[PDB]
Each structure stands twice: as C-alpha cells, then as structure tokens.
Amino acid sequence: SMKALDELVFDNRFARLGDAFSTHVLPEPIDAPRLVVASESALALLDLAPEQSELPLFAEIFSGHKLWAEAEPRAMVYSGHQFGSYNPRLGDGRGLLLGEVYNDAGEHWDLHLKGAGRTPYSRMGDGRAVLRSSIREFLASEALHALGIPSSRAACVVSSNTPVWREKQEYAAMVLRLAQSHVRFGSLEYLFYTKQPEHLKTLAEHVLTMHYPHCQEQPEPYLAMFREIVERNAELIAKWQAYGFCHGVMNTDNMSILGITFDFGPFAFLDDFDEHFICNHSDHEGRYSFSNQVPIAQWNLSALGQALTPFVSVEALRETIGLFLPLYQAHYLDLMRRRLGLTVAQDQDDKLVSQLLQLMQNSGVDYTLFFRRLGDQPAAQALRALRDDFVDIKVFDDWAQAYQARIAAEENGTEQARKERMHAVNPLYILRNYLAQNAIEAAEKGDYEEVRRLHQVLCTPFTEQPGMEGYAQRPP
C-alpha cells in the first residue's frame, strides 16, 4: 500500500562502496520551498501517493531542509569526454544521491536531488539549478517515460526564492531524479584513467551484480555485460531517432550505464523535421546534432570499452561495438514501420522511411503531427490532406503511392484497427519547447497550473483529451 514519508526503507548500497567512489555531502537548503509539480507514476516507484507530495515536509526534504536519518547523501566522482576532449575530473557538482529506497516490489531506486548545493566537485559553480532547468528536466523525464522511451524519472520540482544568477536574475529549484543507477560511462573512465584497478573492478562488479547479474555465470562476465549495454544503447538511440528527441550533450559522463536517457539540459523534441537540427546553442560544431546522435552513441560505447580493456581483449570489445549499428537499424526500422502502421518487415522498408525523411527535410513538416494525421484517416484520404505541406508535392505523391502499395503488400487489418495501432505509437501531444516555455513563464510568476496541466496531458500522449487541443498544435 501507499505509505508515509516516515515509512520509506533505505538501503544505501553505493554509499557502502566507500569514499573512493563518492563523498558524503549534505544539501544546502533553499528558502521558502513550494511544490511546483509532482509525478504520480514516479512517486509510485517509492510507494508514495500524490497526496504525500503536497505535504510541507515533502517540500522541505527535497529542497534541502530536512532528511531521514536513514539516508546518507553522497556526491559521486566521475570524469568524461566533453565534446570529444577528456576531462579528468568531473563528478556530482550540483546534485546528491540522498540514498536508495527499497520499495515493496523489492526494487532499489536512487533518490538524487539535483540542485542540492555545492560539493567537492562543483569547481566554480554555485551548485544550483534554476526553475526553468528543473521544470524542463521534470517534464521531459516523465514525458519520455510515458512515450515508452527509457529515461531517468522525475518525482517532483520544488521552487524557492533563493537568488541564482545565470544570464539574468533567476531562482533556485530542485528536481528529485529517480533511477536505478546514477553510474555513467564516465564513472568507469575515471577509475580507469586514474589507474585505480581495484576500485575500477569494484565498480564494474557493482554494476554487474546489481544490474546485469545474468552475465555473472558466463565465461567473460564483463564482456557479456558490455554486450548488454551496447544492446540497451542501440534500443535507446533507435527511440530517440524514431521520435525526434534531440539530447544536445551526449558527453560520456551523460551516458547512463543502464541505457536510459540521462541529464536533460538543452534538449528539444523536433517540431519541423530536420535531420541535422542542433538543439544546443553551445554545440558550435554540431557534434550532437540529431543525425550525429547515432555515430556519437557508438563513439561513446568505444570510450566505455576502453575502461574495460583491463578485463576484456580489444578484439572482443571492438567486435561487440560492431553490433551497435545493425541493432540500432533493426530497432529503428521496427519503430518506424509501426509509426507507419505496418506489421511485417519487407526488403525496401529502409528506402521507404529514408525517402519520407528527405521529403520532410526542407518542406517544413511537423514530424509528430505527420504520423498522427497519417493514421487518423485511411491512408488515401490522410495523404491527400498532407500533400500540401510538402514543397516537392509531386515527389511526395510518388512516396504516398509507394506507401499505399506497401500497405497493400501485407495484411493490414481494417481501417479502424489500423487507426488504433498507429495512434497507440504516434503521440498527439509531445513536449514542444514553446509549450514548456509557457509553463515556465507562468511558474516563474508563481502560477503552477500550466506546468501541472501540461504534465498531465503528456501522461497519456497517445489519447485525445477534451479541451486540450492547444497542446496538439504546431508551434505558433
């Protein structure tokens, strides 16, 4: 049953690994905490109901004022390649692993409070996050999960009137991030490149036993684990590409060891399709552009593989990395076939998908709404309506014919079954930047109605909701 805040059970596994992997650090509170928004689904991971998130004590805990005695807040140490260049020392500069909760299902869940204050790893930073940062990370975490895209989760956002300077005067907020691990590729890189072989093995054994235990029985457990990580990453990137999620900062310290989306900063969901969109205004070379996310993910896996060379041969590691691209293409094509309402794999499907994207590229076509409208009517009628959005309208007619011929080349069910199949994987509502911005503006004025409704709508992004037509609109 849903329990009280005082009934949470803690089992702080990572804290017990010692001071070589993290440092005990308490949060620095922020003033006048208020609950901005909370996720019922995320809270359920901790056996908590939404009503427990409305308690003053709840806002106090996740703004740094109070903390269970059974917790042990810790700042992790890690490193990472940042935009291709190795940085020998990063770590939790503005967040803390408060502890790990053991829920009734028998699962361990990290409680990471992001924006909790300065730590030994903050360097010159203030250890804070501003309200717009916390709200965007909360919305994207839970929107991705509702979409079926593996992601770190977010339980709540808590506001404050603690001043924080960025470009202008802003105010500190914290987001409670939940995940079953906060270990990153960069966690292993740090121990590898500082040549701490005992601790590197202890961390790899922690990841192995807690998250890939089936691999322990195999002749080379760390090779099997690496293969599983490569698989999870291929599935993750396939979902990003299929649904137009741009991360923006795919540094190796932001690659989760579990294959979940991690660290939401300058992300963006594509509005108009653009295979080369650069969502990060600081990514001057386009290293983390939409299309580059595929080769970058492979590069990051090679960087992870380096940290495992003490245990696995270079040849075996590089052979495993070679599985990434075919696995990505398999899952990507599967996802895009489903977005097109197709239910079997046929030889030229990759060309069909590729041709659709090239037609979208310079025609100003909304990625999400194209696939939703494609399924909302029989293909012939939907395509006649979508015709006008394309510049090369006669090339599109040829693609539309190829698509209708592809439908006819398989048993595709009734028109109604097709509609339900496609609307079950094609969202009507997505976390568009302009929608998040409107929620942020209202919240910065003290009005949290908008951010809450937007979050609510995205909990069921595939289901039409009455009166929410504004959330299905293209950007104005």
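Residue indices: 1-based, along the sequence shown.
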| property | result |
| --- | --- |
| Between the two ranges 196-204 and 264-272, the one averaging a larger CA B factor in the entry | 196-204 |
| Between 395-403 and 145-153 (mean CA B-factor, as deposited), the higher | 395-403 |
| Largest Cα B-factor, entry values, listed residues 173, 176, 314, 374 | 314 |
| Identity of residue with top Cα B-factor, from 91, 295, 84, 186 | 84 |
| Ranked against its chain, the third holding the CA B-factor of residue 119 | middle |
| Third assignment of residue 190 from its chain's C-alpha B-factors | middle |
| B-factor third for the C-alpha atom of residue 421 within its chain | lowest |
| CA B-factor placement of residue 370, once the chain's modelled residues are sorted into thirds | middle |
| CA B-factor placement of residue 112, once the chain's modelled residues are sorted into thirds | lowest |
